[PDB]
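Structure 1 and structure 2 below are the same protein chain in two forms, each given by itself as C-alpha cells.
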Structure 1
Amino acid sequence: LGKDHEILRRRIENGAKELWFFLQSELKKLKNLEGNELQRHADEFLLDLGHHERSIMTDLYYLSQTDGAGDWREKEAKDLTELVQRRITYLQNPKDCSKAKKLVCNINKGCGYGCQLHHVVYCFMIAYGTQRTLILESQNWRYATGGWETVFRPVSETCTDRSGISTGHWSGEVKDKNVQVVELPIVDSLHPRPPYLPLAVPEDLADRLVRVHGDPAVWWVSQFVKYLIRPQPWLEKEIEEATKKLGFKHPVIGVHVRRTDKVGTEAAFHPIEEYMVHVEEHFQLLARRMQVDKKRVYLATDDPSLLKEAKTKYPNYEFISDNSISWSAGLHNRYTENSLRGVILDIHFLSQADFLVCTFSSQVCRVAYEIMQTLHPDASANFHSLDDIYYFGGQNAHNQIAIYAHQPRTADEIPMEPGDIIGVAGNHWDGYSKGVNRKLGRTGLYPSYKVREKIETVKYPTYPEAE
C-alpha cells in the first residue's frame, strides 16, 4: 500500500466526518431562526459547505492519481483506444471491396449535425457488430451538397463502392447472412432491432472498461466518433489556426447555450446565470489544486447576441468565442458549409475544455462530451447538464439497480428494495432522480444515491485478424 494513498483515504474519511459534525450543528441552530436572520445564516452555511465539499473532491481527485494510478489509467485507456481504432480500421479496409459484406447508411436524416452524426455512429456500431463494412451515402447533404468528404476523411480507403451480388433492406442479421449489401434505415424505423446499440458495450471489453472509465457506454460511442471525424487537411489546418487565433489555452471551461428553435420544442430557455453558477463552482474547485491565472470560458451558442450580455455580466471572466460562428448558426443560414464548419469548430473546442456545462438535450453538447472521452482516461464526470442525463437517441432502455431500500415520503416518490431494476428517466440535480420501478409499474422520484448503474454487455465480434 501507498503512504499517500492511505493518508488521502483517511483525510477523505475524516473530512466527511467533520462535514457530518458540521451539518448536524448548524441545522440544530437553524431550526430556531426566522426571516433574514434565518436566510443569512443559511447563506453563510452554504458558502462554508462548498469549500469543505470541494476539499473532499480535491482529496478524491488526488487519490485517483496517487501512487502511479494516473499513469496506469492513461496507458490502459490508450491501449483500449488503439485496440478499437485498430479493429475499426481493419473492418473498414477489406482487400476485395467487390466481395466484402457491406452495410449502407444514408446521412440525410432530417435533423441537425449532431443528430445526423449520431445516425452514422448508430450505422457504424451495427456495421461493426455484423462484420459489415460501412458505406456512407452523403450526396445532397443539407450542410454540404458536396458530401461527407467536404469536411472529413472517407470512412474507408479501399472500399467506398456499394456494389454487390445481392442487395436488400434490413431484415435481421440471420436473415441477411447471405445478403452482401444491406441498406440500413434510421433507428426510428429499424425492425428488428439488433443488440449492437447503446448503452451496451462489448462483452470482451467490459471488465477493462469498468476499471478505467466511469461510463463505458459513452466511451464505446466515442470510439466511432473519433474515427468518423478525421478532418480533411484544410479542416485540420483551420482548427490549428482557430486554436491560435482565439487564444485557446488552458485552464478553460466549455459552455454550450442552445436556444433558438430548440426552446419550446425539445427544451426550455436557460438564463446565462444558470450556466455560470456551475462554471464559477468548478473554477473554485480547480483553484484548490492549481493556479488559475484567468477564469477562461469557451462559449458556443446559436444566440449571437449572448456574448455581449455575458461579457457585461461577468467582467472578470475571459470569454473565448467566435461570434461569426454563432451568426452562421442562425436558422436562416444554418444549413451551409460555413455554418457546418462553425459547429464543427465549436464542438472541437468544447471537447477540448477541462469541463463542460450545458444541456444534454442538445445533441451538440452530447457530441462534445463524447469526443472529450477520447482526450482523457476518465472524463466521464467532467460535465454538468442543466437538464437531461447522458443518452443516445434510439438506445435500449437505460436501467439501474437499486442498492439501498427507499420508502416514499410523498405520493410523488416510489419505493425501492435492493435489487429492484429502475429505468431512469433523468436526474433532477437536487439529490433525486426520476424513473419507473419496473417491478411495480410506478413512476416517480427516488434518491439518486440509492441506485447503481446496470451495465449491459453484448457479444460483439473481436476481429482477431487485426493484430
Structure 2
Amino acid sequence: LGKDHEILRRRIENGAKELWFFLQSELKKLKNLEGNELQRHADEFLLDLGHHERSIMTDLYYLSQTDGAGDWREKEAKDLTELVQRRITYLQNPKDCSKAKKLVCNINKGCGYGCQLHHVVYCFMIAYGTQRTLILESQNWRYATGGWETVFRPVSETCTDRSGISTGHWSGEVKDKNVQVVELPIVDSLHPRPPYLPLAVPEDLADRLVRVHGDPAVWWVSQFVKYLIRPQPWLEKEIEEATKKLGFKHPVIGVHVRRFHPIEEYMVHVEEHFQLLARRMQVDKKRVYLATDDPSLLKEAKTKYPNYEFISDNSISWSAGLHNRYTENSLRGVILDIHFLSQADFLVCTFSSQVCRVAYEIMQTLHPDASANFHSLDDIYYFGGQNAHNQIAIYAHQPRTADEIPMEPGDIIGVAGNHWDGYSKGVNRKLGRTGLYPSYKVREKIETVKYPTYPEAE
C-alpha cells in the first residue's frame, strides 16, 4: 500500500465528515432565520460549501494519480487505443480488395456536418462488427464536392472501391453472409438492427475499459471518430497555423453555445472549474474558447467578463487561399471549432448539440480518462440511434412527491436525463412508472457485445 494513497484516502474521508458536521450546524442555524438575514447566510453557506467540496474533489484527483496510478492509467489507456486502431487498420486494408467483404456507406445524409460524421461512425462500427471493409462514398459532399478525401485521409490504403461478385442492401448479418458488398442505409430505419451499436462496448474489452475509463461507451465510439478524422497534410498544416494565430494555450475551457441558455449559465460552470483547477495549478489567465453560431455573443461575453480572455475562430478564409475553392465556406469553422473544443481541458455546452458531442468524443482520445471533463446544460451523453440507456438501482428510494418513482435495489431504470440538481428522470421498467429519482441511488448498466477480436492484427 502507498503511503500517500492512505493519507489522501483518510483526508477525503475526514473532509467529507467535516462537511457533514458543517452542513448539520449551518442548516440548524438556517432554520431560525427569516427574510434577508436568511438570504445572506444561505449565500455565505454556499460559498463556503463550494471551496470545501472542491478540496474533496482535489484530494480525489490526487488519489487517482498517486503511487503510480496516473502513469499506469496512461499506459493502459494507450495500449487499448493502439489495440483498437490496429484492429481497425487491419480490417480496412485487406490484401486483395477484389475479393474482400465490404460495407458501403454514403456520407450524404440529409443533415449537418456533426450528424453526417456520426453517420459514418455508425457505419464504421457496424462494419467493424461484421468483418467488412468500410467503403466510404462521398461524391458531391455538401462541405467538399471533391469528396471526403479532400479534407481527411481515406479510410483505407489498399481497398477503396466497391468491386465484388454480389451486391445488396442491408438485410441482416446471417442473411447477407454470402453477399460481398452490403450497402448500409441511415440508422433512422435500419432493419434488422445488429448488436454493434452504442452504447454497448466490445465484450473482450469491457473489463479493461471499466478499469481504466469512467464511460467506456464514449471511448468505444471515439475510436472510430479518431480513425476517421485523420487529417490530410494541408489540413494538419492549417490546424497548426490556427493554433499559433489564435493563441490557443492551456489552461483553457471550451464553451459551445448553440442558438436558449444565457451566457451566464455556461460561465458559472466555467468559473467553477477554474476555481477547481486553481487548487492544484497556477492559472495565469482564465481562457475560454468560444464556439457559437450567434455572432453577437463574442462581444457580449468579452464585456460581461473583462477578466476572461476569449479565443474564437473568426476567420473568413483558410490560411492558404487555394483551399477555399475545394471546401465549403462553413466547413472551416466547424472543423476548427470542434478541434479546439476537443483540445480544451473542460467542455461546457449542451449535449443536445452534435458539435459538442463530437468534440467530447475526440477529447476521450487525448487523455487517459476524460469522461468527466464536461458539463452539459441539458442532455447526458448519447449517440443517435443507440439502444436503450439503462441504469440499475443500488439503493432503495421511497417517493416523497407524485413526480418521484419508487426504486428497489436491482431495478432496471431507463434514464432519460440528469437534471443536475440531485435528481434524474427515467422509467422504472419493472413498474412502468416514469418520474424523478436521486441520481446517486443508481449505477450505470454497461452493455457488452461479442465483437470480432481480429487476432491476425497482431
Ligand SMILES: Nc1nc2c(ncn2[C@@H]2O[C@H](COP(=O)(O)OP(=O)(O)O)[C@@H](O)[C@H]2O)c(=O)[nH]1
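Please note that residue numbering is based on structure 1, beginning with 1 at the start of its sequence. The term rigid core refers to the most C-alpha atoms you can superpose between the two forms while keeping them within 1.5 Å.
Of the two forms shown, the form solved without guanosine-5'-diphosphate (GDP) is structure 2.
Compared between structure 1 and structure 2 on the core, the listed residues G330, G393, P185, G214 keep their C-alpha shifts below 2 Å, save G330. Core superposition places the C-alpha of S163 1.5 Å apart between structure 1 and structure 2.
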